[PDB]
Amino acid sequence: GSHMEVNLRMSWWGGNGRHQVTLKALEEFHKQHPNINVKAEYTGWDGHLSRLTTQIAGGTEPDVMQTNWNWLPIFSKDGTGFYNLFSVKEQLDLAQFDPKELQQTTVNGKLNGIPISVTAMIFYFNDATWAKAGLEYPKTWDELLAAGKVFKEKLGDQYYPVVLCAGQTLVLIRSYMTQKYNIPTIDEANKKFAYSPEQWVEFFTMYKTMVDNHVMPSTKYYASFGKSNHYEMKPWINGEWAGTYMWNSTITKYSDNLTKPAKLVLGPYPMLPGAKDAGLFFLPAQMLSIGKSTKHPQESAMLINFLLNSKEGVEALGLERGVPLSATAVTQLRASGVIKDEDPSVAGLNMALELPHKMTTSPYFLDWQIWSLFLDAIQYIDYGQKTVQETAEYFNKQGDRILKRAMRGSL
Ligand code: NA
Ligand code: NA
Ligand code: NA
């Protein structure tokens, strides 16, 4: 015999804003499932992965948990680290999602989590400065280059079409190489980067070409824009740095620091002639997953479904985790006015979802050691320690060593 009630545990992280709405959502869940209880185990980001790690190791994790995309390779290299969500297809309306984004959270045939929202880096431009320069936004890569020189001569040496940190520049070039070559960037199975030597040379050649054309400040100005914070620097506020390439889901920071009436507007995504693939880096912002060892996979799956697809759950959660991916979810929030097509974040996402997106991405491309190394490599170019060639060989070699380490055996 079993019991009158089912007891579930769920974990998530965030600020009080996120806590409040999910707490709310759990009351609504319990109203519809009065014999399913939920113990809410939540904290801020700091310390979270560490607590969950030690729980997951000893089979003590919650039934349902908010997870990060890059946790898949940590706890689920062979795809069995979390419960296979295809097995609770009956409780969990998978029809509300698409294969493109479900594939990112599938590992060795197993649906390891449901992406709550997705985001990708795209271009946003300052309309006032581009008006001053007398330019339309770039539709091609060469137009982006061409813009650099117009910005320099027609407005000044302090004006740039965009401002980019190392990480953005890395994702951006990757995007260009994907358009040109249609090859994957990380060779997953062999724990190494996939490009050939020539292509790494090309990669950095591209970086040099962008800088030489005044597309964005080089790393000699790294003292200036080298911040998870440069949307507060004067060049940003004043429209000197006239655009960025950035996750659509985190553009409001930049948008809000512009001296109005200047606005930050969605740009085209530049394409090579007859590219079959735009090469965006799509990234699920977070996921709901089910504990591998849950005694209640069905009820766990009901909770996830309720938070993501139900009217009440959807209404309560709002945008506290980004713009929902669930089709019923976004239809609901559009009708309620919560999601506004004119919001730069939503317009960018919409455009992004619609660009050709053949090639797929590895969580290891966003590894911070990798990003840190790319910053090193471009400075060696800007400060004259290495030619493009030498830098390329360097990045390929050290890049491989950082990967093998991060994908097992570190040490
Ligand atoms: Na019993
Ligand atoms: Na292509
Ligand atoms: Na929602």
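Numbered according to the authors' numbering, the sequence shown terminates at residue 412, and the numbering increases by one at each position without gaps.
Even for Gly, the Cβ is constructed at its ideal location relative to N, Cα and C.
In this chain, the alpha helix (DSSP H) harbouring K101 covers 100–104.
The shortest C-alpha to C-alpha distance from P345 to any of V108, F76, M11, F124 is the one to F124.
For ligand 2, a non-hydrogen atom lies closer than 7 Å to the CB of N183. The stretch 199–250 is shown to contain whole beta strand (DSSP E) runs of 3 or more residues at 244–248, in chain order. In the three-state DSSP reduction, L27 falls in the helix class (H, G or I).
Short of 8 Å from the beta carbon of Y270, and not among the five residues preceding or following it, lie these beta carbons of its own chain, in chain order: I123, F124, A279, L281, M352, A353, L356. Linking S219 to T44 through their CA atoms gives a straight-line distance of about 39 Å. The DSSP-derived three-state label of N69 is coil.
A distance below 8 Å between beta-carbons, with the five flanking residues on each side excluded, links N239 to the following residues of its chain, in chain order: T260.
Placement of the Cβ of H4 at a distance of less than 7 Å from at least one heavy atom of ligand 1 is found.
Boundaries of the alpha helix (DSSP H) harbouring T55: 49–58, taken from the DSSP string. DSSP lists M288 as the bridge partner or partners of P116. Fully contained in the stretch 307–332 are the following alpha helix (DSSP H) runs of length 4 or more, in chain order: 312–318.
Ligand 2 has no heavy atom closer than 7 Å to the beta-carbon of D94. Exclusion of the five residues before and after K221 leaves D383, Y384 as the residues of its chain whose Cβ lies within less than 8 Å of its Cβ. Of all C-beta pairs linking the stretch 325–335 to the stretch 304–313, three or more are shorter than 8 Å, placing the two stretches in contact. A distance below 6 Å between beta-carbons, with the five flanking residues on each side excluded, links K264 to the following residues of its chain, in chain order: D128. Under DSSP, no beta-bridge partner is assigned to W369.
When the five nearest sequence neighbours on each side are left out, the beta carbons in the same chain lying within less than 8 Å of the beta carbon of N36 are those of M5, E6, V7, in order along the chain. When DSSP states are grouped into helix, strand and coil, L265 belongs to the strand group.
When beta bridges are read from the DSSP output, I37 appears opposite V7. Between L273 and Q180, the C-beta gap is smaller than 8 Å, which places the two residues in contact. Boundaries of the alpha helix (DSSP H) harbouring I403: 389–407, taken from the DSSP string. Under DSSP, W13 forms a beta bridge with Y43. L412 sits exposed, since fewer than 16 C-beta atoms from the chains shown fall within 10 Å of its C-beta.
Under the three-pair Cβ rule at 8 Å, the stretch 368–381 counts as touching the stretch 160–179. Cβ neighbours of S229 within its own chain (closer than 7 Å, five residues either side excluded): none.
Rounded to the nearest angstrom, the Cβ distance from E321 to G18 is 6 Å, consistent with a contact under 8 Å. With contact defined as three or more Cβ pairs closer than 8 Å, the stretch 10–26 and the stretch 60–67 are in contact.
When DSSP states are grouped into helix, strand and coil, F282 belongs to the coil group. By the neighbour-count criterion, in which a residue is buried when 16 or more other Cβ atoms sit within 10 angstroms of its Cβ, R409 is exposed. For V108, the secondary structure class from DSSP, reduced to helix, strand or coil, is strand. Cβ atoms of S294 and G60 come within 8 Å of each other, at about 5 Å. Collapsing the DSSP output to three states places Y177 in a helix. A direct Cα-to-Cα measurement between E154 and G227 gives close to 25 Å.
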